[PDB]
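S.K.: I have a structure here, written as structure tokens, and I will follow up with some questions on it.
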Amino acid sequence: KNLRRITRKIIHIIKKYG
């Protein structure tokens, strides 16, 4: 399904865009 693990990038962003 959609969001091919994107969840990872999601947390990354915050951890990157914190």
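Labeling convention for the structure tokens: chains A, B, ... as they appear, residues from 1 per chain, ligands from 1 in order of appearance.
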Could you give me the residues within chain A that DSSP places in helix (DSSP H, G or I), as a PyMOL selection string?
M.R.: chain A and resi 7-17
